[PDB]
Amino acid sequence: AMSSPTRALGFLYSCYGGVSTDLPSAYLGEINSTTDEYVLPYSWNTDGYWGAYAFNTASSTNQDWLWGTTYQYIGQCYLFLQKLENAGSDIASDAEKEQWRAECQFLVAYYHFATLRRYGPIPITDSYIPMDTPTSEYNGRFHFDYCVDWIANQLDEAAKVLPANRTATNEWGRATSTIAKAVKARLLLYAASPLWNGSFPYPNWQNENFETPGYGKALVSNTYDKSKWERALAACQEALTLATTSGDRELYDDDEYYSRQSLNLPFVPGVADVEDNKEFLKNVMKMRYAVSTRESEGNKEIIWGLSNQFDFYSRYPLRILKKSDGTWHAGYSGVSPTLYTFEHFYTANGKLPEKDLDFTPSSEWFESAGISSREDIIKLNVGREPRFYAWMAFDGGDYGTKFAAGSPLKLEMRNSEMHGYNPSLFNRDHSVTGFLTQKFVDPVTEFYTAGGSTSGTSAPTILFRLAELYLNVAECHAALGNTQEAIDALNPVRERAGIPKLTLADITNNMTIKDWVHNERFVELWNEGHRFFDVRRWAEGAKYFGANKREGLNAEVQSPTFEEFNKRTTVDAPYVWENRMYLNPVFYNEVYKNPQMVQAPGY
Ligand SMILES: OC[C@H]1O[C@@H](O)[C@H](O)[C@@H](O)[C@H]1O
Ligand SMILES: [Ca+2]
Ligand SMILES: [Cs+]
Ligand SMILES: [Cs+]
Ligand SMILES: [Cs+]
Ligand SMILES: [K+]
Ligand SMILES: [K+]
């Protein structure tokens with residue numbers, strides 16, 4: 001029970017059990033595969049929950065009940081805390097008890113946050129609830145702003161006690177003050193956002209028979225409050241300062257890991273491997289490693305990462321390599337980046353393709369770039385930023401480095417017997433848009449002719465990393481009209497990625513400071529489980545997630561010509577946006593079970 005130090009530690013370990021909820025980058029997860037970043041084949045809607053959320057068929061009886069999990073571990077935390085109060089000096093010292101209490105405090109707060117960000121106003125559960133508790137005493141939802149204040153206060157208390165950094169020695173990353181402050185930063189940032197700060201779509205949604213101190217039956221603010229941005233800024237600043245001092249965090253900036261691993265610099269159209277281009281090409285590899293390495297490999301950017309892995313086959317091309325037995329190594333090729341993605345990664349000059357005077361006019365984006373032996377490469381895919389070539393892949397281009405028996409795999413997205421659409425051969429699997437991503441793919445990844453393969457060295461799945469803290473501070477400054485300081489916050493991230501810094505001159509009526517911040521966030525944290533939340537908190541669901549917004553190439557036709565393939569094509573699946581989609585529906589049974597609980601609007 002708590003009959004010994006090792007038993008107690010085991011109990012504490014089990015309290016961390018819910019932290020993988022809504023895991024970033026997991027391809028079947030709705031926070032990953034329902035945004036305008038990329039789409040999955042419509043026929044994959046039978047797998048997981050992503051379909052129900054993308055196509056608005058989620059319901060109180062058809063939903064991902066992560067609430068079940070978060071409050072489960074919240075209860076586990078308070079159960080632990082209860083037993084610990086009765087535990088003697090034989091179990092743990094007073095100093096260690098203090099540490100354990102802080103860890104639980106952080107976990108409870110985080111678990112509430114994980115629930116809040118999906119469900120909106122939630123019941124605050126700050127004790128263990130005995131199963132014989134009368135139904136009349138169940139908490140209902142507390143007003144969003146009440147929830148925010150409590151979570152924030154809990155994180156601040158934990159932060160007083162927890163260490164700022166820990167050495168990574170195993171797969172259990174225990175809480176730090178740095179993580180506590182980072183969570184609070186993202187929390188307040190969300191809270192200051194339009195959805196929760198003046199633009200909630202259902203102003204009249206409220207409690208029926210439950211009161212929040214300070215708010216009565218109200219559940220969400222309907223009035224813009226600038227002070228929320230002020231507090232968010234201070235919180236984001238503090239998180240950044242902590243992380244970069246006693247947190248011992250810094251942006252991954254190693255330009256030579258590829259070299260130490262005996263790899264060639266990557267092929268990039270229009271950027272040959274010559275002396276003058278070394279910096280650009282090394283930046284491409286830097287950005288591949290930045291999101292696929294361990295601290296033991298020199299990465300000090302991760303604030304909170306998990307040992308939990310996510311699947312890669314879903315992003316690999318179809319036929320990878322023919323084995324000596326005549327059979328093929330194959331991927332699923334389902335993770336399909338949209339034209340929105342391909343149009344909002346930057347040009348080499350650090351600008352949007354549409355906006356960049358030095359970039360191809362949109363009228364010519366789908367023409368061949370005329371690259372010898374790679375004529376399939378269209379002009380849109382030439383002249384882009386390092387992050388583009390690091391993380392994206394396209395017809396005529398290379399996928400990976402060691403990928404196919406030690407060589408990069410050239411993509412043939414129009415070939416029905418290689419990487420193109422062909423249900424008779426590949427069943428459900430194909431790129432929906434004619435693009436692919438190789439983000440998170442270890443450069444050492446390699447499939448062998450003799451059979452078997454390697455994915456190099458695994459890396460933690462990232463929950464919080466330092467680049468985000470820069471972006472969070474930038475967004476707060478932007479909201480407050482601090483233009484130079486917003487710029488100052490973005491520039492370390494831009495500089496690391498090998499594109500030009502911003503100046504005041506770049507802020508105009510054609511590209512606002514908010515445009516820059518939001519787009520830098522779109523790019524840097526692409527496929528890291530942010531866009532789902534960011535579009536929602538910005539109250540821009542209809543704009544970005546609505547019907548017909550998602551586009552790609554003409555990729556669901558067999559054996560197309562170059563000309564047939566390279567046409568702007570609406571993704572042909574029943575994507576929609578409706579306002580109820582901002583919030584996750586509450587499990588039917590829970591609404592029934594808790595008399596004080598109210599369903600999300602529209603469900
Ligand atoms: O989730 C989609 C995937 O589902 C698997 O069960 C299948 O083996 C893959 O080919 C791919 O279709
Ligand atoms: Ca790796
Ligand atoms: Cs309003
Ligand atoms: Cs242009
Ligand atoms: Cs109810
Ligand atoms: K660490
Ligand atoms: K171009």
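Note: hydrogens, waters and symmetry copies are ignored here, and every other heavy atom, side chains too, is used. All residue numbers in this chain count up from 1 along the given sequence. Just so you know, ligand 1 is whichever comes first in the structure, and atom 1 is the first atom listed for that ligand.
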**Message:** So for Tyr313, does at least one of its heavy atoms come nearer than 4.0 angstrom to any atom of ligand 1?
**Reply:** no
**Request:** Going by the side-chain contact (heavy atoms from CB on, under 4.5 Å) test, name the single residue among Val441, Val291, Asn527, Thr341 that passes it with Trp391.
**Result:** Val291
**Request:** Give a yes/no answer: is there an N/O/S atom of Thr457 under 3.0 Å from the Ca ion (ligand 2)?
**Result:** yes
**Message:** Once rounded to the nearest 0.5 Å, what's the spacing between atom CD1 of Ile151 and atom OH of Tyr110?
**Reply:** 11.5 Å
**Message:** I need the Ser314 OG to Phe312 CZ distance, nearest 0.5 Å.
**Reply:** 9.0 Å
**Request:** Can you measure from OG (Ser33) to CD1 (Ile31) and round to the nearest 0.5 angstrom?
**Result:** 9.5 Å
**OG on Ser14 to CD on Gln76, rounded to 0.5 Å** = 4.0 Å
**Request:** Establish, yes or no, whether a centroid distance under 6.0 Å links the rings of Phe388 and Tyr346.
**Result:** no
**Asked** Would you say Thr176 has an N, O or S atom lying under 3.4 Å from the K ion (ligand 6)?
**Response** no
**Asked** Does the shortest distance from the K ion (ligand 6) to an N/O/S atom of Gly173 fall below 3.4 Å?
**Response** no
**Request:** Would you name the N/O/S atom of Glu295 that lies closest to the K ion (ligand 6)?
**Result:** OE1
**Request:** Give the residue and atom name of whichever protein heavy atom lies nearest to atom 3 (C) of ligand 1, and the separation in Å to one decimal.
**Result:** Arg428 NH2, 3.7 Å
**Request:** May I ask you to decide whether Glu301 forms a salt bridge with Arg496, counting only side-chain N to carboxylate O separations under 4.0 Å?
**Result:** yes
**Fill in**
Atoms of ligand 1 under 4.0 Å from any heavy atom of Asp47, numbered from 1 in the order shown, are 1 (O), 2 (C), 4 (O)
**Pick from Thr46, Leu40, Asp429, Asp311: the one approaching atom 10 (O) of ligand 1 most closely through a non-hydrogen atom** = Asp429
**Item:** Atoms of ligand 1, numbered as shown, that sit under 4.0 Å from any heavy atom of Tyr27
**Value:** 1 (O), 2 (C), 3 (C)
**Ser292 atom O and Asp442 atom OD2 as seen from the Ca ion (ligand 2), angle to 10 degrees** = 140°
